[PDB]
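Listing of query.tsv; format and content: TSV, N, CA and C atoms.
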chain	number	residue	atom	x	y	z
A	24	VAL	N	0.84	-1.22	0.00
A	24	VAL	CA	0.00	0.00	0.00
A	24	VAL	C	0.86	1.25	0.00
A	25	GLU	N	0.31	2.30	-0.59
A	25	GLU	CA	0.93	3.60	-0.61
A	25	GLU	C	0.70	4.34	0.69
A	26	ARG	N	1.73	5.04	1.13
A	26	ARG	CA	1.55	6.03	2.16
A	26	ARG	C	1.31	7.36	1.49
A	27	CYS	N	0.09	7.84	1.58
A	27	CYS	CA	-0.30	9.07	0.93
A	27	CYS	C	-0.70	10.10	1.97
A	28	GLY	N	0.08	11.15	2.08
A	28	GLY	CA	-0.21	12.17	3.07
A	28	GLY	C	0.50	13.47	2.78
A	29	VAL	N	0.15	14.51	3.53
A	29	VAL	CA	0.77	15.81	3.36
A	29	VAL	C	1.91	16.01	4.35
A	30	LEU	N	3.02	16.48	3.82
A	30	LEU	CA	4.21	16.74	4.61
A	30	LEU	C	4.48	18.24	4.66
A	31	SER	N	4.39	18.81	5.85
A	31	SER	CA	4.63	20.23	6.03
A	31	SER	C	6.12	20.55	5.95
A	32	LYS	N	6.53	21.08	4.81
A	32	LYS	CA	7.93	21.44	4.58
A	32	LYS	C	8.00	22.46	3.45
A	33	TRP	N	9.12	23.16	3.32
A	33	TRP	CA	9.24	24.19	2.31
A	33	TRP	C	9.34	23.58	0.92
A	34	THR	N	8.76	24.27	-0.05
A	34	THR	CA	8.81	23.84	-1.43
A	34	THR	C	9.83	24.65	-2.21
A	35	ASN	N	9.58	25.95	-2.32
A	35	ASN	CA	10.51	26.85	-3.00
A	35	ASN	C	11.07	27.87	-2.03
A	36	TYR	N	10.18	28.60	-1.37
A	36	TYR	CA	10.57	29.60	-0.40
A	36	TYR	C	11.11	28.92	0.85
A	37	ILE	N	12.20	29.43	1.40
A	37	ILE	CA	12.80	28.84	2.59
A	37	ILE	C	11.83	28.90	3.78
A	38	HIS	N	11.05	29.97	3.85
A	38	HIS	CA	10.03	30.10	4.89
A	38	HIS	C	8.65	29.77	4.33
A	39	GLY	N	8.64	29.21	3.13
A	39	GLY	CA	7.39	28.88	2.48
A	39	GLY	C	7.02	27.43	2.68
A	40	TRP	N	7.08	26.98	3.92
A	40	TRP	CA	6.73	25.61	4.26
A	40	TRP	C	5.23	25.40	4.10
A	41	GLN	N	4.87	24.38	3.34
A	41	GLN	CA	3.48	24.07	3.08
A	41	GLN	C	3.27	22.56	3.16
A	42	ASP	N	2.03	22.13	3.02
A	42	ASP	CA	1.74	20.71	3.03
A	42	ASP	C	1.83	20.14	1.61
A	43	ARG	N	2.86	19.37	1.37
A	43	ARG	CA	3.07	18.75	0.07
A	43	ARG	C	2.62	17.31	0.11
A	44	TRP	N	2.07	16.83	-0.98
A	44	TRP	CA	1.46	15.51	-0.98
A	44	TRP	C	2.46	14.45	-1.40
A	45	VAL	N	2.71	13.49	-0.53
A	45	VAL	CA	3.67	12.45	-0.81
A	45	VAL	C	2.99	11.08	-0.90
A	46	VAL	N	3.48	10.26	-1.82
A	46	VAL	CA	2.94	8.93	-2.08
A	46	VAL	C	4.07	7.91	-2.19
A	47	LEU	N	4.05	6.91	-1.32
A	47	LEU	CA	5.05	5.84	-1.33
A	47	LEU	C	4.40	4.53	-1.75
A	48	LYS	N	4.60	4.13	-3.00
A	48	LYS	CA	3.92	2.96	-3.56
A	48	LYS	C	4.65	2.46	-4.81
A	49	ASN	N	4.37	1.21	-5.20
A	49	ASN	CA	5.05	0.52	-6.30
A	49	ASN	C	6.47	0.16	-5.87
A	50	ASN	N	7.28	1.19	-5.70
A	50	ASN	CA	8.60	1.11	-5.06
A	50	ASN	C	9.25	2.48	-5.19
A	51	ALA	N	8.42	3.48	-5.39
A	51	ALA	CA	8.88	4.83	-5.57
A	51	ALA	C	8.13	5.76	-4.65
A	52	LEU	N	8.77	6.86	-4.30
A	52	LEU	CA	8.14	7.90	-3.53
A	52	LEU	C	7.98	9.12	-4.40
A	53	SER	N	6.77	9.63	-4.46
A	53	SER	CA	6.46	10.74	-5.34
A	53	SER	C	5.77	11.84	-4.55
A	54	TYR	N	6.06	13.09	-4.85
A	54	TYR	CA	5.43	14.18	-4.13
A	54	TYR	C	4.91	15.24	-5.09
A	55	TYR	N	3.81	15.84	-4.70
A	55	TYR	CA	3.14	16.88	-5.46
A	55	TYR	C	3.04	18.12	-4.59
A	56	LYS	N	2.73	19.26	-5.20
A	56	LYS	CA	2.67	20.53	-4.48
A	56	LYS	C	1.76	20.45	-3.25
A	57	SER	N	0.58	19.87	-3.43
A	57	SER	CA	-0.35	19.70	-2.34
A	57	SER	C	-1.26	18.51	-2.61
A	58	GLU	N	-2.27	18.33	-1.77
A	58	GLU	CA	-3.13	17.15	-1.80
A	58	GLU	C	-3.92	17.04	-3.12
A	59	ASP	N	-3.95	18.12	-3.89
A	59	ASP	CA	-4.67	18.13	-5.16
A	59	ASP	C	-3.89	17.36	-6.22
A	60	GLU	N	-2.65	16.99	-5.85
A	60	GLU	CA	-1.74	16.10	-6.61
A	60	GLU	C	-1.93	16.05	-8.13
A	61	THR	N	-2.99	15.38	-8.58
A	61	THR	CA	-3.17	15.00	-9.98
A	61	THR	C	-2.95	16.16	-10.96
A	62	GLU	N	-3.45	17.35	-10.63
A	62	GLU	CA	-3.36	18.48	-11.55
A	62	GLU	C	-1.99	19.15	-11.47
A	63	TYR	N	-1.24	18.81	-10.43
A	63	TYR	CA	0.10	19.33	-10.26
A	63	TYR	C	1.09	18.44	-11.00
A	64	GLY	N	0.64	17.24	-11.33
A	64	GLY	CA	1.43	16.34	-12.14
A	64	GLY	C	2.42	15.54	-11.33
A	65	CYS	N	3.57	16.14	-11.07
A	65	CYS	CA	4.62	15.52	-10.29
A	65	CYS	C	5.71	16.53	-9.99
A	66	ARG	N	6.09	16.64	-8.73
A	66	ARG	CA	7.10	17.60	-8.33
A	66	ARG	C	8.44	16.92	-8.08
A	67	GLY	N	8.37	15.71	-7.56
A	67	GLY	CA	9.56	14.93	-7.29
A	67	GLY	C	9.24	13.47	-7.13
A	68	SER	N	10.21	12.61	-7.42
A	68	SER	CA	10.00	11.17	-7.37
A	68	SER	C	11.33	10.44	-7.28
A	69	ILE	N	11.49	9.61	-6.26
A	69	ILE	CA	12.71	8.85	-6.07
A	69	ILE	C	12.44	7.36	-6.06
A	70	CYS	N	13.46	6.58	-6.38
A	70	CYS	CA	13.34	5.13	-6.44
A	70	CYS	C	13.84	4.50	-5.15
A	71	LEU	N	12.97	3.75	-4.49
A	71	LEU	CA	13.28	3.14	-3.20
A	71	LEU	C	14.02	1.82	-3.38
A	72	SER	N	15.14	1.87	-4.09
A	72	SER	CA	15.99	0.70	-4.26
A	72	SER	C	17.29	0.88	-3.48
A	73	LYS	N	17.86	2.09	-3.55
A	73	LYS	CA	19.05	2.42	-2.78
A	73	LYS	C	18.81	3.66	-1.93
A	74	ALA	N	17.56	4.10	-1.87
A	74	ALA	CA	17.19	5.22	-1.02
A	74	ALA	C	17.20	4.78	0.44
A	75	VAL	N	18.17	5.27	1.19
A	75	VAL	CA	18.39	4.82	2.55
A	75	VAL	C	17.43	5.51	3.51
A	76	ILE	N	16.72	4.71	4.29
A	76	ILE	CA	15.85	5.23	5.33
A	76	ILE	C	16.69	5.64	6.53
A	77	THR	N	17.02	6.92	6.60
A	77	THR	CA	17.93	7.42	7.62
A	77	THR	C	17.15	7.99	8.80
A	78	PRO	N	17.28	7.38	9.99
A	78	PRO	CA	16.66	7.90	11.21
A	78	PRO	C	17.17	9.30	11.54
A	79	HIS	N	16.24	10.24	11.72
A	79	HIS	CA	16.58	11.63	11.97
A	79	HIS	C	17.31	11.78	13.31
A	80	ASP	N	17.99	12.90	13.49
A	80	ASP	CA	18.82	13.12	14.67
A	80	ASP	C	17.98	13.34	15.92
A	81	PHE	N	17.39	14.53	16.01
A	81	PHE	CA	16.67	14.95	17.20
A	81	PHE	C	15.29	14.30	17.28
A	82	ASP	N	14.82	13.75	16.17
A	82	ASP	CA	13.47	13.20	16.12
A	82	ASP	C	13.51	11.69	16.27
A	83	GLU	N	12.50	11.14	16.90
A	83	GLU	CA	12.43	9.70	17.13
A	83	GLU	C	11.57	9.02	16.07
A	84	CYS	N	10.69	9.78	15.44
A	84	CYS	CA	9.75	9.21	14.49
A	84	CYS	C	9.93	9.80	13.10
A	85	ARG	N	10.87	10.73	12.96
A	85	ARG	CA	11.17	11.31	11.66
A	85	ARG	C	12.28	10.53	10.97
A	86	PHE	N	12.11	10.33	9.68
A	86	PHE	CA	13.02	9.50	8.90
A	86	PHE	C	13.31	10.15	7.56
A	87	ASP	N	14.58	10.40	7.33
A	87	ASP	CA	15.03	11.09	6.14
A	87	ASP	C	15.36	10.09	5.05
A	88	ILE	N	14.57	10.09	3.98
A	88	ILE	CA	14.79	9.19	2.86
A	88	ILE	C	15.83	9.78	1.93
A	89	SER	N	17.02	9.21	1.91
A	89	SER	CA	18.11	9.80	1.16
A	89	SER	C	18.52	8.94	-0.04
A	90	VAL	N	18.42	9.54	-1.23
A	90	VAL	CA	18.90	8.92	-2.46
A	90	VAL	C	19.26	10.03	-3.45
A	91	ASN	N	20.42	9.90	-4.10
A	91	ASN	CA	20.91	10.94	-5.03
A	91	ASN	C	21.12	12.26	-4.32
A	92	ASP	N	21.31	12.16	-3.01
A	92	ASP	CA	21.41	13.32	-2.13
A	92	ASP	C	20.05	14.01	-1.97
A	93	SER	N	19.02	13.44	-2.57
A	93	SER	CA	17.66	13.91	-2.37
A	93	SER	C	17.16	13.40	-1.03
A	94	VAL	N	17.20	14.26	-0.03
A	94	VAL	CA	16.80	13.88	1.32
A	94	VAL	C	15.33	14.23	1.56
A	95	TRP	N	14.53	13.21	1.76
A	95	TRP	CA	13.11	13.39	1.99
A	95	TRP	C	12.81	13.27	3.47
A	96	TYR	N	12.66	14.40	4.14
A	96	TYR	CA	12.39	14.41	5.57
A	96	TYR	C	10.96	13.95	5.84
A	97	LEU	N	10.78	12.64	5.96
A	97	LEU	CA	9.47	12.07	6.24
A	97	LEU	C	9.33	11.86	7.73
A	98	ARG	N	8.13	11.55	8.18
A	98	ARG	CA	7.91	11.28	9.59
A	98	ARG	C	6.67	10.44	9.75
A	99	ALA	N	6.64	9.61	10.79
A	99	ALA	CA	5.43	8.90	11.15
A	99	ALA	C	4.34	9.91	11.48
A	100	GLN	N	3.21	9.80	10.78
A	100	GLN	CA	2.13	10.78	10.88
A	100	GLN	C	1.77	11.08	12.34
A	101	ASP	N	1.52	10.03	13.11
A	101	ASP	CA	1.33	10.14	14.56
A	101	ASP	C	1.12	8.77	15.19
A	102	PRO	N	0.14	7.97	14.72
A	102	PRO	CA	-0.06	6.61	15.21
A	102	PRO	C	0.85	5.61	14.52
A	103	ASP	N	1.69	6.12	13.63
A	103	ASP	CA	2.57	5.30	12.82
A	103	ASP	C	3.92	5.12	13.48
A	104	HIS	N	4.75	4.30	12.86
A	104	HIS	CA	6.13	4.11	13.29
A	104	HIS	C	7.01	3.95	12.06
A	105	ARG	N	8.27	3.57	12.26
A	105	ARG	CA	9.20	3.40	11.15
A	105	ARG	C	8.75	2.25	10.25
A	106	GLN	N	8.08	1.28	10.86
A	106	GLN	CA	7.71	0.05	10.18
A	106	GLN	C	6.74	0.30	9.03
A	107	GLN	N	6.11	1.48	9.03
A	107	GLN	CA	5.26	1.87	7.91
A	107	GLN	C	6.10	1.92	6.64
A	108	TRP	N	7.26	2.55	6.77
A	108	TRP	CA	8.14	2.77	5.64
A	108	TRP	C	8.84	1.47	5.30
A	109	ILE	N	9.27	0.78	6.34
A	109	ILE	CA	9.95	-0.49	6.17
A	109	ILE	C	9.06	-1.47	5.42
A	110	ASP	N	7.88	-1.74	5.99
A	110	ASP	CA	6.94	-2.69	5.41
A	110	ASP	C	6.54	-2.27	4.01
A	111	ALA	N	6.22	-0.99	3.83
A	111	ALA	CA	5.84	-0.49	2.52
A	111	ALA	C	6.94	-0.76	1.49
A	112	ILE	N	8.11	-0.18	1.71
A	112	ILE	CA	9.19	-0.31	0.74
A	112	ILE	C	9.60	-1.76	0.58
A	113	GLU	N	9.71	-2.49	1.68
A	113	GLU	CA	10.05	-3.92	1.63
A	113	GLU	C	9.05	-4.71	0.81
A	114	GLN	N	7.79	-4.36	0.90
A	114	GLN	CA	6.75	-5.05	0.15
A	114	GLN	C	6.60	-4.48	-1.25
A	115	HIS	N	7.23	-3.33	-1.49
A	115	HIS	CA	7.22	-2.73	-2.82
A	115	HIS	C	8.45	-3.10	-3.64
A	116	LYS	N	9.59	-3.21	-2.98
A	116	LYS	CA	10.87	-3.30	-3.68
A	116	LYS	C	11.08	-4.66	-4.33
A	117	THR	N	12.10	-4.74	-5.16
A	117	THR	CA	12.49	-5.98	-5.80
A	117	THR	C	13.80	-6.49	-5.19
Rewrite the structure of this file - the entire thing - as structure tokens.
Amino acid sequence: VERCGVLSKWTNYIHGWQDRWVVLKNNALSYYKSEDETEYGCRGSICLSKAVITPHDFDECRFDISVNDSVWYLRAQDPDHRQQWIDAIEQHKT
């Protein structure tokens, strides 16, 4: 299953943090400007084959997805844990 949710982080403006729509499915992570996704097309997309799930420093539930130096600061929504990403990618990957 895809993890589809909004991630509050900057898009273009350094102080222009907004809710961007991220989807983790198939074996790729894709993000759009916001939850309206489809009309935005695609803003970014990485392949979860060598994208390392890096546990964040100060955060216990935040996980930085790093591939091609593209660091995706993800986090467990609230009732979630790391295993969301693990199980998802593990069940998506080849």
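With all atoms listed in the file as the atoms that count, the minimum distance from residue 104 (chain A) to the choices A:85, A:69, A:42, A:47 is reached by A:85.
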Atom-to-atom span, CA of residue 49 (chain A) and CA of residue 75 (chain A), Å: 16.6 Å
Long-range neighbours of residue 44 (chain A) as an MDAnalysis selection string, 7 Å cut-off, all atoms listed in the file, 2 positions minimum in chain: chainID A and resid 27:30 42 46 53:60
Two-atom distance - CA of residue 101 (chain A), CA of residue 26 (chain A) (Å):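 That distance, rounded to one decimal, is 13.1 Å.
Going from CA of residue 114 (chain A) to atom C of residue 63 (chain A) covers 26.6 Å.
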Picked from region 66-114 of chain A by DSSP as strand (DSSP E), as an MDAnalysis selection string: chainID A and resid 67:70 75:78 85:90 93:98
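Near residue 115 (chain A), within 9 Å and counting only C-alpha atoms, sit residues 24, 47, 48, 49, 50, 51, 71 and 110 of chain A; same-chain residues fewer than 5 positions away were not included.
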How big is the axis-aligned box around the listed atoms of region 33-41 of chain A once 4 Å is added on each side, and where is its centre? Give both in Å to one decimal, as lines of an AutoDock Vina configuration file.
center_x = 8.0
center_y = 26.3
center_z = 0.9
size_x = 17.5
size_y = 15.5
size_z = 15.9
DSSP helix (DSSP H, G or I) residues within chain A, as number ranges by chain: A: 60-62, 106-115
Top pick for closest residue to residue 108 (chain A), considering A:70, A:94, A:76, A:65 and counting only C-alpha atoms: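 Among A:70, A:94, A:76, A:65, it is A:76 that comes nearest to residue 108 (chain A).
Minimum atom-to-atom distance to residue 25 (chain A), evaluated using only N, CA and C atoms, belongs to A:45 out of A:45, A:74, A:37, A:99.
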